[PDB]
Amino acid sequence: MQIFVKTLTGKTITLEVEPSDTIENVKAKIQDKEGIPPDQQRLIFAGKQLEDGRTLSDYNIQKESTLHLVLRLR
């Protein structure tokens, strides 16, 4: 399925994902498209920070959901 990720500048990118993809997998996709190391990525959905080892399905993230990407040093 496809999800949206709104970034720092307000730019929104699309990602092609599966419900069983982990948050780690999603950050790896953002690194691919944007060049950002996953360790500097914080993904937010419904006001909560998302943990790497969990799946989109675990967080009830469905097709065309929008995540927010916050970037943090270390």
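Take the two forms, find the largest set of C-alpha atoms that superpose within 1.5 Å, and that set is the rigid core. Each residue number is its position in the shown sequence, starting from 1.
Rigid core superposition in 6 other deposited structures of this protein puts the Cα atoms of one stretch, out of 1-9 and 63-71, farther from the shown form on average, and that stretch is 1-9.
As listed in the deposited structure, the average C-alpha B-factor of 28-36 and of 43-51 is greater for 43-51. When the modelled residues of the chain are ordered by their C-alpha B factor, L15 lands in the lowest third. Among the modelled residues of its chain, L8 has a C-alpha B-factor that falls in the highest third according to the deposited record.
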